[PDB]
Each structure stands twice: as C-alpha cells, then as structure tokens.
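Here the structure comes first, spelled out in structure tokens, and everything after it is commentary.
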Amino acid sequence: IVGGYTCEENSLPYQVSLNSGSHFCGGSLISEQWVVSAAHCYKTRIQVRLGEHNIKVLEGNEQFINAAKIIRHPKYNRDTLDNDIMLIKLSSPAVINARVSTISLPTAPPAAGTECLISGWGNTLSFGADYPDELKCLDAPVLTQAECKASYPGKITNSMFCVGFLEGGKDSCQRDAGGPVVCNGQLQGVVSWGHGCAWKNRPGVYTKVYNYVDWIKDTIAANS
Amino acid sequence: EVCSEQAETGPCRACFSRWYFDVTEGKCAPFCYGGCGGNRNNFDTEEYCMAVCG
Ligand SMILES: [Ca+2]
C-alpha cells in the first residue's frame, strides 16, 4: 500500500496472509472454511495466516492453517488477467473471534464514488522497495468505469474495476495482490494489477467479486 | 541482452521472491515479481541468476 496508514491492530479481521515460507499475497476470509484471493497468487501449497497484524512477530493470537484446496478460476488468463480470482479451502475451519471473522460477499456491483478500504502488506514506495511488517490500510473511492477504461485502453474486461486516485501517490502495490477491497461492509474487490504503483492516471485494477458470487457458491458446494 | 534488462515487477501485484542481474552491481539482487508479464531477467534464486548472468 502506497500512501496509506497502518491499520488499527486486528480491526480488519477478514484480512489473511498467504504464506509459503514468506508472505506473498493477501486474501479475504469469506466463510469458516474458505478464503478468496487472486488467481495469479496461485501456489501448489499455501499456509493461511489469520488474525495477523505484524507478519514478522508471532504474538500467539494468530491462526495458522494449511490450505487443503487451492482453486484458481478455470478461465484465469495470465495475458489478459481476466478472471483473476482464486478460492482456498482451509484444512480445518477458521475459528471466528474478535480478530478473525468473515467479510460479506457483495449483493450488487461496485458503485462509483463509494468509499472503500484496501489493505495489505505490500510495498509502500512507488520508486524503491519498503515492505512493511504491519498491515497497511488505504481509504480509496471506486472510480468510474470510464476512468478505468481510459487509463488502460482496451485492457479492462468485464471482470475488472478501478479503485483509487488518478492524481497518483495512493494505491495498492506488489505483495498486496489477493487482498480485499471492502465497501459498505462487503468485499467488492480483490487486489489484482496496475501499471506501476500509485502512478498518475494509472489506478489500481481489481477483480469484481460480484461477478463471481455464483462461481464461489458453486465451488464451495462442489468441494464440501 | 537478457541480463541487461531492468528489473520488471510486471503489472500483477503478488510478491514472488525472484532475482535479477543488476548491471550497476555486476551481480544479482532480489525483487518482488508480481506473478505475470515481466521480462527475462527474472530467476528463482541468486545462484541460478548468477549461473545464467554472472
Ligand atoms: Ca503476527
């Protein structure tokens, strides 16, 4: 997260860390057994870390749970970035508590101008590398689809929307992918891609979770 | 020419721990590969990067 702030500890209890020896992507807990992330975050083995604030300090109030299933959207495409969404089934259910809880799935598409919360442990610099141990947060509005499409001509598919600031300086960045964009208490977006980080007129591009509510329901049901 | 390319995260926003040959240092350095796109100056490990580029 470039241009954000350190989140209040454990105040985003739906935020998870995906770990394969190190933190490499974010995710969102959507049920006791399932996490949503980005398909480009796929690895064959993933440890899910819930309840995290500082990824380098084992406080003891985290829950580390190995992934039992890791399912990219079958129509994910690494060239177009279409369908950049992934589901992870936990090998044992996450225990819901003050620090670990689910985020509601969206009931309507994202509305331009809505204030959202983007979060992750991504790079904090647009030029350079400064990766934070503590979870970072960014208050950012949904941009119009026209703003998104004009920023990336011919690249914004049906599965995508933009959140952020055209003036630059405030964006998600590398190591944020898979993490949540939450608007009005619902998970509207998954951190996906952008040209650089926090560049002027190049806002973050996010997967439109609403377009995958049926795929999520069907995949959870097929893998129970 | 591969080893002269600048480090490229690519557009995706994961952090796959990778290495690139830094021509200003004459050796390899770590970076977050975002998980898509990028260029050929991109290697799993330091030793592999130096095997190709050193
Ligand atoms: Ca911790």
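Based on what the data block shows, is A:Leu58 within 16 Å of the chain's Cα centre (by Cα) and either within 16 Å of the ligand (Cβ to nearest atom) or of a type outside the set (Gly, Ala, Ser) (or both)?
Working: within 16 Å of the chain's Cα centre (by Cα): no; either within 16 Å of the ligand (Cβ to nearest atom) or of a type outside the set (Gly, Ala, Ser) (or both): yes.
So A:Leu58 does not fit the description; no.
Has the stretch A:136-153 got any residue that is in contact with a helix residue (DSSP H, G or I) (Cβ under 8 Å, 6 or more places away or on another chain) and closer than 16 Å to A:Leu81 by Cβ? Outline the logic, then answer.
Just the residues of the stretch A:136-153 that are in contact with a helix residue (DSSP H, G or I) (Cβ under 8 Å, 6 or more places away or on another chain), to begin with: none.
Looking through the stretch A:136-153, none of the residues is in contact with a helix residue (DSSP H, G or I) (Cβ under 8 Å, 6 or more places away or on another chain) and closer than 16 Å to A:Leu81 by Cβ.
Taking into account only those residues within the stretch A:61-74 that are of a type in the set (A, V, I, L, M) and within 19 Å of the chain's Cα centre (by Cα), which is nearest to the ligand (Cβ to nearest atom)?
Here the answer is A:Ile65.
Under the condition of being within 13 Å of chain B (Cβ to nearest Cβ) and more than 16 Å from the ligand (Cβ to nearest atom), which residue from the stretch A:25-43 is nearest to A:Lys75 (Cα to Cα)?
Going through the qualifying residues, I end up with A:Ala39.
Would you call A:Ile46 within 13 Å of the ligand (Cβ to nearest atom) and either under 16 Å from A:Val191 (Cβ atoms) or within 14 Å of chain B (Cβ to nearest Cβ) (or both)?
no
Report every pair of residues separated by at least 6 positions or lying on different chains whose Cβ atoms are under 9 Å apart, first residue within the stretch A:54-65 and under 18 Å from A:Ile96 (Cβ atoms) and of a type in the set (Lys, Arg), second within 9 Å of the ligand (Cβ to nearest atom) and outside any loop (DSSP other than H, G, I, E, B).
Pairs that qualify, where the first residue is under 18 Å from A:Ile96 (Cβ atoms) and of a type in the set (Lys, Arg) and the partner is within 9 Å of the ligand (Cβ to nearest atom) and outside any loop (DSSP other than H, G, I, E, B): there are none.
Would you pick out the residues in the stretch A:137-161 that are closer than 21 Å to A:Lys200 by Cβ and either in contact with an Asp or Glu (Cβ under 7 Å, 6 or more places away or on another chain) or charged (D, E, K, R) (or both)? Can you show your working first?
Let us first name the residues in the stretch A:137-161 that are closer than 21 Å to A:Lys200 by Cβ, namely A:138-156, A:160-161.
Of everything in the stretch A:137-161, those that are closer than 21 Å to A:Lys200 by Cβ and either in contact with an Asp or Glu (Cβ under 7 Å, 6 or more places away or on another chain) or charged (D, E, K, R) (or both) turn out to be A:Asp139, A:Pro141, A:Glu147, A:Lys149, A:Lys155.
Identify all residues within the stretch A:155-180 that are part of a loop (DSSP other than H, G, I, E, B), of a type outside the set (S, T, N, Q) and within 14 Å of chain B (Cβ to nearest Cβ); write none if there are none.
A:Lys155, A:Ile156, A:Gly164, A:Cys173, A:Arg175, A:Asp176, A:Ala177, A:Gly178, A:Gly179
For the stretch B:5-48, which residues satisfy the criterion of being of a type in the set (A, V, I, L, M, F, W, C), assigned to a loop (DSSP other than H, G, I, E, B) and surrounded by fewer than 21 Cβ atoms within 10 Å (Cβ to Cβ)? Full working, then the answer.
To start, the set of residues in the stretch B:5-48 that are of a type in the set (A, V, I, L, M, F, W, C) comprises B:7, B:12, B:14-16, B:19, B:21, B:23, B:28-29, B:31-32, B:36, B:43.
Now restrict to residues that are assigned to a loop (DSSP other than H, G, I, E, B): B:7, B:14-15, B:23, B:36.
Those that are of a type in the set (A, V, I, L, M, F, W, C), assigned to a loop (DSSP other than H, G, I, E, B) and surrounded by fewer than 21 Cβ atoms within 10 Å (Cβ to Cβ): B:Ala7, B:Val23.
Laboratory data are not the source of any read-out in this text; all were calculated from the coordinates shown. Counting neighbours? That spans all protein chains shown, and the Cβs are built from the backbone with ideal geometry, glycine included.
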